[PDB]
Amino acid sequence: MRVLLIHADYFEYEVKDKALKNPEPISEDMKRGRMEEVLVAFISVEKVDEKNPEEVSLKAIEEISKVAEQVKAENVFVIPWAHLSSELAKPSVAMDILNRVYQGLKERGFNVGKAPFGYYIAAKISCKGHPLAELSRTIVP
């Protein structure tokens, strides 16, 4: 897995067209979302992650939590994001891991949002400029 963490004044998204033929089902209220003062976690679930989804998930929850704790973010946005890897897992694995990460961060105590899987999504973000506001993590099994 590769993760890009952005500490943002805001992040807001709007679902546009499907990218998979069978994307994650969404209600009307999941078509748009917004959070303020939020650590945005852009997550690229990789082929190698398939070997151990629980361990990868756990390590991602902690690595994300650690930054959230350090930058004093109470709000965390989990974004499925294909653009940090060229060896992406299959959708079942990606979705399994992304949900595990999401539930783990709620158990940690954060207020957590997520964008749905399998869509092209339009988005606005305002990235803070402090030294820890943009960070990369690589999480391996």
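Residue numbers here begin at 1 and follow the sequence given.
The stretch with the higher mean CA B factor, choosing between 21 to 29 and 115 to 123, is 21 to 29. Comparing 45 to 53 with 66 to 74, the stretch with the higher mean C-alpha B-factor in the PDB entry is 45 to 53. When the C-alpha B-factors of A60, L98, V38, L84 are ranked from the entry, the top spot goes to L84. The entry lists a Cα temperature factor for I139 that places it in the highest third of the chain's modelled residues. Among the modelled residues of its chain, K128 has a C-alpha B-factor that falls in the lowest third according to the deposited record. Annotation for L88: CA B-factor lies in the highest third of the chain's modelled residues.
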